[PDB]
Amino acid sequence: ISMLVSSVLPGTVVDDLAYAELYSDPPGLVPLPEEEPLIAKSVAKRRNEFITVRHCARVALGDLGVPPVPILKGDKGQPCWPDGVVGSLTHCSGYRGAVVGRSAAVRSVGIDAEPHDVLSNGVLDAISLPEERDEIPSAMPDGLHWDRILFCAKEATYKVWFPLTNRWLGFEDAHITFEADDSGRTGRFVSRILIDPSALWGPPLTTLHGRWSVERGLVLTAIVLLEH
């Protein structure tokens, strides 16, 4: 099938990026030796997911011109990319995906996949602002689980943010606004950061523009920031 993450990478960015995805855990994918301590005591389902996602990452790197390398885990769980590379990883039920780019062209990337299923009201209240719960249902087509799409967009926001700030970003630290395309299955979002927006260097992260998509029972979101 066609790759789902394509739908949330706009033309302005897609040619600076490489990506790969899978919808299962193929047998005989293996970790690189350096990675094995990370999943040595993990349950098989996590072990295999980890392996598959790292495999997608190396396939994408390969497309970028980067030889296969181990991808370790940093201090706050972030992937350790090779120098000169930025990227993002995501998994959920029925999806494993990776997007990478060269850091000379791409400042940061965050992606996230979720099942297109409802969230509990308890979760919705923890991850949303009162104003989002008022605004989004009007912006989004009936039938979309906009609670999950919101949640997915917030997680993508953190992933694009952390490599540029090395600071925490909570769910109530960004206000997300949505629009829907005519298809009703794709659209844009903007995350407005509500805390100190300063990057470690360069321009501040004040308003982050992303894309969302619903297809094959999945929500995909992505934010891509280019180097200017």
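Residue numbers run from 1 along the displayed sequence.
- Legend: mean Cα B-factor per stretch from the PDB entry, 46-54 versus 164-172; the higher mean is in 46-54.
- The question of which stretch, 79-87 or 144-152, has the higher mean Cα B factor is settled in favour of 79-87.
- When the C-alpha B-factors of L61, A199, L29, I195 are read from the PDB record, the largest value belongs to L29.
- Residue set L205, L22, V13, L218: peak C-alpha B-factor at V13 (per PDB entry).
- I127 sits in the lowest third of its chain by CA B factor, as recorded in the PDB entry.
- Sort the modelled residues of the chain by CA B factor and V214 lands in the lowest third.
- Among the modelled residues of its chain, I111 has a C-alpha B-factor that falls in the lowest third, as given in the PDB entry.
- The deposited CA B-factor of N121 belongs to the middle third of values across its chain.
- Among all modelled residues in its chain, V100 ranks in the middle third by Cα B-factor.
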